[PDB]
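When the sequence shown is numbered by PDB author numbering, its final residue is 447 and no position is left out of the sequence of numbers.
Where is the CB? At the ideal position from N, CA and C, for every residue including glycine.
This report concerns only the one structure given below.
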Amino acid sequence: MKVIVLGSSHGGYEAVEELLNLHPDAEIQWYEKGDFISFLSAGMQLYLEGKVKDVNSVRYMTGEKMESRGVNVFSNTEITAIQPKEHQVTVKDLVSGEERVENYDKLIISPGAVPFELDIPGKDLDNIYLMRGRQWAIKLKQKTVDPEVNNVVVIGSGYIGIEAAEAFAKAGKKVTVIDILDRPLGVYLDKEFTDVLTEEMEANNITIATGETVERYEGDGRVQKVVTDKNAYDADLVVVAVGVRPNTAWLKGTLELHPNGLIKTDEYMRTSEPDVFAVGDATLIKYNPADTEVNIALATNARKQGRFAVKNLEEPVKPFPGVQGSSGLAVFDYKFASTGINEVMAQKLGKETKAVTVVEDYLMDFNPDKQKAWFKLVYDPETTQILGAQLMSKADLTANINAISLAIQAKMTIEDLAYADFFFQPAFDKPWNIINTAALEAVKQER
Ligand SMILES: Cc1cc2nc3c(=O)[nH]c(=O)nc-3n(C[C@H](O)[C@H](O)[C@H](O)COP(=O)(O)OP(=O)(O)OC[C@H]3O[C@@H](n4cnc5c(N)ncnc54)[C@H](O)[C@@H]3O)c2cc1C
Numbered sequence: 001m002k003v004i005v006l007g008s009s010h011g012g013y014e015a016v017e018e019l020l021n022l023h024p025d026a027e028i029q030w031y032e033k034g035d036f037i038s039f040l041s042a043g044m045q046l047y048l049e050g051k052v053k054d055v056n057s058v059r060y061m062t063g064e065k066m067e068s069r070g071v072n073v074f075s076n077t078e079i080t081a082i083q084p085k086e087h088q089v090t091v092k093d094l095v096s097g098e099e100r101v102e103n104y105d106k107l108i109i110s111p112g113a114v115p116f117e118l119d120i121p122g123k124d125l126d127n128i129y130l131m132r133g134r135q136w137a138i139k140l141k142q143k144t145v146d147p148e149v150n151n152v153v154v155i156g157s158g159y160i161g162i163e164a165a166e167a168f169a170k171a172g173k174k175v176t177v178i179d180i181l182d183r184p185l186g187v188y189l190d191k192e193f194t195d196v197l198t199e200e201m202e203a204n205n206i207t208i209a210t211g212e213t214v215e216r217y218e219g220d221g222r223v224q225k226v227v228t229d230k231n232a233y234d235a236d237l238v239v240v241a242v243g244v245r246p247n248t249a250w251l252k253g254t255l256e257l258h259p260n261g262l263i264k265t266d267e268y269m270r271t272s273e274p275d276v277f278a279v280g281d282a283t284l285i286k287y288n289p290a291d292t293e294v295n296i297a298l299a300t301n302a303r304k305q306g307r308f309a310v311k312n313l314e315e316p317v318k319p320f321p322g323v324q325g326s327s328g329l330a331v332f333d334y335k336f337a338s339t340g341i342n343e344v345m346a347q348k349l350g351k352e353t354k355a356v357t358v359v360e361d362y363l364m365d366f367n368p369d370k371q372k373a374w375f376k377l378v379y380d381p382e383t384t385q386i387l388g389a390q391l392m393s394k395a396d397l398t399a400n401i402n403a404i405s406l407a408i409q410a411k412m413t414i415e416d417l418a419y420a421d422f423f424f425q426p427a428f429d430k431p432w433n434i435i436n437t438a439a440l441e442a443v444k445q446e447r
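Structural data, given as structure tokens:
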């Protein structure tokens, strides 16, 4: 059986891993149009902050290692088109210019996504940077030590924008974050959490300019000003982290796509055409909190989809279990994690919810290491089933969100979590831990 896998990132990589243990016998070709196999864009912040010194070690696989396992790796080779009926792809070797047609028995594609750019006046004056991949990582790192860069503006206040804002504020630069949305990180956290984080960022000289539409970049040759409908900001560097666009335009007319460019797939990762599977940021995934399909562009999602595509290679036998959208990050001293439905998700999906937020020390009063922790539990008003949770503290309590992700998947209720058995030892927690305490509050609220 000959299987071709497109993409060396999270989705494509895991499909190769599951093929190696489920179909050791197969001829496997792995294609990457880029020069570098499996660079980890998630590790970019650690590199930019100087935690990791070698940009080339921020990866999880090399072509050499895969070839030792019998995989045919083709870097600098792009799959230009798919001919689904006759089961062929045309590939182009980007270093020699040679094209060729390759046949396959099964095709798994994980084409990914590309940074969204603002198509506005000034669009590409110099020093308007993006944040994805090895080349952008290197360029961003050189700007971190440049004495000419004094003011940097990042557009977008989501996960990637706040990572870039923290990295340049730690490098000693003045940062302004601009967005149309009213709160940074609203897709991940609710207002009681983002109010605390806004203060922490402002204490580290990051200005957050919310509710402003960027209209043009101004500058002579290189960017010098970012002007919005409401203001003008000096900028020596702009990082655009507004969002991501599916890399699927080349597939229009070949595979069925959603209006927004996402590939249509079912619960077995099958596309509209026989024997081609699609995985990763370019697809929608089953979202268990609301029993619907949502696009959640995370490495965890792409890796699970990748393995499920190989499981369903010959027969639709293993439907995808679904996910909860779990994410976590540190912003200066605060470490937060969240899963399931929050206010922005509930609004987008038209979902009614109830919630309780508990803010108190996570260790007993006599223990001098005690610190404040914020925990919000979101539940369904009719069934009281768990729908989401968010937590934050300067102490790392993030592994507790893993228990809430399972609770949502299992359809547990506030009563189940109020009395769930979690260990107690006073150097680690209180007799009723952070999850028990918030659920106990919800039980009182619903009496
Ligand atoms: C700065 C940053 C930080 C992130 N941090 C986290 C995090 O901490 N936790 C988390 O879970 N997720 C994180 N993510 C998200 C995560 O990186 C993505 O969800 C994941 O990489 C998606 O994998 P993918 O295979 O779908 O696509 P992509 O990563 O977009 O990879 C697509 C690959 O296929 C190649 N390709 C595309 N078309 C072709 C073609 N036609 N022929 C051959 N090759 C082709 C591309 O060159 C690319 O290498 C982060 C993303 C960024 C940018």
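Where do the N-terminal and C-terminal ends of the alpha helix (DSSP H) with residue i fall, by residue?
i           : result
residue 416 : 414 to 418
residue 48  : 44 to 48
residue 347 : 343 to 349
residue 164 : 159 to 170
residue 68  : 63 to 68
residue 400 : 400 to 409
residue 135 : 133 to 144
residue 201 : 191 to 202
residue 22  : 10 to 22
residue 303 : 299 to 311
Shortest alpha-carbon distance to residue i belongs to which of the options?
i           : options            : result
residue 339 : 283, 409, 123, 172 : 409
residue 332 : 277, 344, 396      : 396
residue 30  : 353, 163, 10       : 10
residue 249 : 205, 113, 270      : 113
residue 70  : 62, 20, 41, 80     : 20
residue 422 : 436, 414, 50       : 436
residue 12  : 263, 372, 427, 305 : 305
residue 83  : 101, 72, 75        : 101
residue 227 : 191, 261, 245, 179 : 179
residue 176 : 201, 399, 259, 37  : 201
residue 412 : 276, 387, 39       : 387
residue 321 : 163, 308, 379, 42  : 308
residue 132 : 78, 319, 161       : 161
residue 420 : 428, 318, 433      : 433
residue 261 : 268, 274, 267, 284 : 284
residue 259 : 169, 107, 246      : 246
Taking the continuous beta strand (DSSP E) assigned at residue i, which residues delimit it?
i           : result
residue 27  : 27 to 32
residue 177 : 174 to 179
residue 77  : 77 to 83
residue 451 : Only positions 1 to 447 of the chain appear in the structure, and residue 451 is not among them; the question remains open.
residue 336 : 334 to 340
residue 388 : 386 to 393
residue 443 : Residue 443 -> not in any beta strand (DSSP E); alpha helix (DSSP H) instead, spanning 434 to 445.
residue 3   : 2 to 6
residue 207 : 206 to 210
residue 98  : Unbroken run through residue 98: none, as it is neither H nor E.
Closer than 6 Å to a non-hydrogen atom of ligand 1 - does that hold for the CB of residue i?
i           : result
residue 126 : no
residue 84  : no
residue 107 : no
residue 300 : yes
residue 247 : yes
residue 157 : no
residue 113 : yes
residue 160 : yes
residue 281 : yes
residue 11  : yes
residue 287 : no
residue 189 : no
residue 34  : yes
residue 78  : yes
residue 134 : no
With a threshold of 8 Å on Cβ separation, who are the neighbours of residue i within its own chain once the five nearest residues in sequence on each side are excluded?
i           : result
residue 181 : 157, 210, 211
residue 223 : 122, 125, 126, 127, 128, 217, 235, 236, 237, 238
residue 415 : 384, 439, 443
residue 196 : 334, 374, 392
residue 25  : 1
Among residues of its own chain, excluding the 5 on either side of residue i, which ones have a beta-carbon nearer than 7 Å to its beta-carbon?
i           : result
residue 149 : 143, 173, 236, 237
residue 193 : 336, 374, 390, 392
Got a sec? Which residues, its chain only, sit under 6 Å from residue i by beta carbon, not counting five neighbours each side?
i           : result
residue 104 : 2, 4, 87
residue 72  : 29
residue 256 : 264, 272
residue 424 : 431
Exercise. Between the stretch 136 to 153 and the stretch 289 to 304, are three or more C-beta pairs nearer than 8 Å?
Worked result: Contact annotation: the stretch 136 to 153 does not touch the stretch 289 to 304, with fewer than three C-beta pairs closer than 8 Å.
Exercise. Any chance the stretch 390 to 409 sits against the stretch 325 to 339, with 3 or more Cβ pairs inside 8 Å?
Worked result: A contact exists between the stretch 390 to 409 and the stretch 325 to 339.
Exercise. Taking contact to mean at least 3 C-beta pairs separated by less than 8 Å, is the stretch 91 to 101 in contact with the stretch 113 to 122?
Worked result: Contact fails: fewer than three Cβ-Cβ distances are below 8 Å.
For this session: Would you check if there are 3 or more beta carbon pairs closer than 8 Å linking the stretch 50 to 67 to the stretch 147 to 154?
Result: No: fewer than three Cβ pairs fall under 8 Å.
Exercise. Does the stretch 301 to 314 come close enough to the stretch 273 to 288 that 3 or more CB-CB pairs lie under 8 Å?
Worked result: Taking 8 Å as the limit for Cβ pairs, the verdict is that the stretch 301 to 314 does touch the stretch 273 to 288.
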